A.B. asks: 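Just passing along the structure, written as structure tokens.
Sequence lines set the chain letters: A, B, ... in the order given, protein chains first and strands last, and positions in each chain run from 1.
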Amino acid sequence: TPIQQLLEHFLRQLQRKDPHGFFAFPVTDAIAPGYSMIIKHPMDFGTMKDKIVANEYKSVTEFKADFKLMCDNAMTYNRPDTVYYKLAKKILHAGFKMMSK
Amino acid sequence: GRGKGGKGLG
């Protein structure tokens with residue numbers, strides 16, 4: 001409610017840190033073999049945007065937990081030497097630094 | 001086979 005524009009801003013800034021759009025939409029098993037056997041709770045920026053515009057986030061805490069879930073799932077599935085794991089680690093750190101007083 | 005289909009350079 002008082003946080004809706006704040007979260008819209010946080011999402012826009014976090015997506016700017018993923019210019020390639022690798023976190024833009026859900027990862028499917030066709031794109032990533034075995035993904036749904038390893039990752040129990042998928043997340044992506046599109047799903048996060050739908051939750052914002054639906055007023056589904058009750059707090060900044062809840063929003064940060066979905067961002068961290070997204071990045072944690074990428075670091076769990078992908079090997080550390082991959083662009084995907086490296087971006088997830090980098091944007092996790094930077095994003096939380098932005099969103100935390 | 002544990003990886004993305006593409007290299008993610010584009």
Side-chain angles (χ1 to χ4, degrees):
Chain A
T1 59
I3 66 187
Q4 187 80 24
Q5 296 186 217
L6 173 72
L7 295 186
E8 293 166 347
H9 175 71
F10 280 172
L11 184 68
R12 172 196 306 140
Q13 294 301 102
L14 295 168
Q15 295 167 298
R16 285 177 174 184
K17 310 182 191 301
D18 177 23
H20 286 276
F22 296 146
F23 282 119
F25 53 75
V27 184
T28 62
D29 295 342
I31 294 168
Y35 192 85
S36 66
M37 178 176 74
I38 296 179
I39 299 302
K40 308 156 205 196
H41 295 118
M43 186 50 57
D44 65 279
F45 285 141
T47 295
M48 288 178 74
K49 178 65 169 262
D50 288 343
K51 288 179 67 163
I52 299 172
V53 295
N55 315 145
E56 226 178 298
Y57 288 116
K58 306 314 149 172
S59 59
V60 172
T61 292
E62 293 175 0
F63 178 84
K64 288 172 80 178
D66 269 352
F67 176 63
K68 180 171 188 291
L69 177 58
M70 188 187 71
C71 294
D72 283 353
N73 283 345
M75 284 181 276
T76 292
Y77 180 79
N78 296 284
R79 296 209 313 185
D81 51 342
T82 63
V83 291
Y84 308 110
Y85 179 107
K86 297 175 175 174
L87 180 68
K89 182 168 214 290
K90 175 181 176 159
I91 76 160
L92 180 57
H93 183 95
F96 263 64
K97 180 196 187 139
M98 169 184 87
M99 291 186 287
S100 309
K101 340 166 202 196
Chain B
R2 190 174 174 170
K4 310 295 174 68
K7 21 265 262 274
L9 325 159

A.B. asks: Measure the CG-NE2 distance between A:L69 and A:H41 for me, rounded to the nearest 0.5 Å.
C.D. replies: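 So the gap between those two atoms works out to 8.0 Å.
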
A.B. asks: State, with a plain yes or no, whether a side-chain heavy atom of B:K4 is found less than 4.5 Å away from one of A:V27.
C.D. replies: yes

A.B. asks: Treat each ILVMFWY residue as a node, draw an edge where side-chain heavy atoms are under 4.5 Å apart, and state whether A:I52 and A:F25 are in one component.
C.D. replies: no

A.B. asks: Is it true that, when you exclude A:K17 itself, more than 12 heavy atoms of the residues, nucleotides or ligands shown sit nearer than 6.0 Å to its NZ?
C.D. replies: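 Yes - once you tally the heavy atoms of other residues, nucleotides and ligands closer than 6.0 Å, there are more than 12.
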
A.B. asks: Could you tell me if the side chain of A:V83 sits less than 4.5 Å from the side chain of A:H20, heavy atoms only?
C.D. replies: no

A.B. asks: Could you state the interatomic distance from CG (A:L92) to NZ (A:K64), rounded to the nearest 0.5 Å?
C.D. replies: 10.5 Å

A.B. asks: If you define the side chain from C-beta out and look only at heavy atoms, does anything of A:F22 sit under 4.5 Å from A:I91?
C.D. replies: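 They are not in contact (no side-chain heavy atoms under 4.5 Å apart), so the answer is no.
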
A.B. asks: Could you tell me which non-hydrogen atom of A:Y85 sits nearest to which non-hydrogen atom of A:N78, and how far apart they are?
C.D. replies: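 Here A:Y85 and A:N78 meet closest at CD1-O, 3.4 Å.
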
A.B. asks: Taking side chain as C-beta onward, heavy atoms only, is A:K89 less than 4.5 Å from A:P80?
C.D. replies: no

A.B. asks: How close do A:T76 and A:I38 get, heavy atom to heavy atom, and via which atoms?
C.D. replies: CG2-CG2, 3.9 Å

A.B. asks: Could you tell me if A:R12 and A:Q15 have a donor-acceptor pair between their side chains, going purely by distance under 3.5 Å?
C.D. replies: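 No donor-acceptor contact under 3.5 Å links the two side chains.
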
A.B. asks: Do A:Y57 and A:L6 land in one hydrophobic cluster if side-chain heavy atoms of ILVMFWY residues count as linked below 4.5 Å?
C.D. replies: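 Linked, A:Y57 and A:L6 end up in one cluster.
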
A.B. asks: Measure the acute angle between the ring planes of A:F67 and A:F96, then classify it against the limits of 30° and 60° as parallel, tilted or perpendicular.
C.D. replies: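 Aromatic pair A:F67/A:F96 classed parallel.
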
A.B. asks: Grab the two heavy atoms, one from A:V60 and one from A:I3, that are nearest each other, plus how far apart they are.
C.D. replies: N-CD1, 3.9 Å

A.B. asks: Measuring from atom CD1 of A:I39 to atom CG of A:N73, what distance do you get when rounded to the nearest 0.5 angstrom?
C.D. replies: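 Between A:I39 CD1 and A:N73 CG, I get 4.0 Å after rounding to 0.5 Å.
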
A.B. asks: Within this structure, what is the CZ-OG1 distance for the pair B:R2 and A:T82, rounded to the nearest 0.5 Å?
C.D. replies: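 Spacing of CZ (B:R2) from OG1 (A:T82) equals 10.5 Å.
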
A.B. asks: In chain order, what residues pass the side chain to side chain contact (heavy atoms under 4.5 Å, CB included) check against A:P33, with sequence neighbours excluded?
C.D. replies: A:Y77

A.B. asks: List the atom of A:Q4, the atom of A:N55, and the distance in Å for their closest heavy-atom pair.
C.D. replies: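 A:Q4 and A:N55 have their closest heavy atoms at OE1-ND2, 2.9 Å.
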
A.B. asks: Mind checking side chain to side chain contact (heavy atoms under 4.5 Å, CB included) for A:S59 and listing every partner two or more places apart, or none if nothing turns up?
C.D. replies: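 For A:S59, the residues satisfying side chain to side chain contact (heavy atoms under 4.5 Å, CB included) (neighbours in sequence not counted) are A:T61, A:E62.
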
A.B. asks: Do the side chains of A:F63 and A:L14 get nearer than 4.5 Å, heavy atoms only?
C.D. replies: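 Answer yes - side chains close enough.
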
A.B. asks: Determine whether a donor-acceptor pair (N or O, by modelled atom type, separation under 3.5 Å) exists between the side chain of A:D18 and the backbone of A:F23.
C.D. replies: yes

A.B. asks: If you look only at distance, which donor and acceptor atoms sit under 3.5 Å apart when one is on a side chain in residues 42-50 of chain A and the other is two or more places apart or in another chain?
C.D. replies:
residue, atom, partner, partner atom, Å
A:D44, OD1, A:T47, OG1, 2.6
A:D44, OD2, A:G46, N, 2.8
A:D44, OD2, A:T47, N, 3.0

A.B. asks: Could you pull out the closest heavy-atom pair between A:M75 and A:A88, with the gap in Å?
C.D. replies: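 Nearest pair, atom of A:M75 first, then A:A88: CG-CB, 3.8 Å.
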
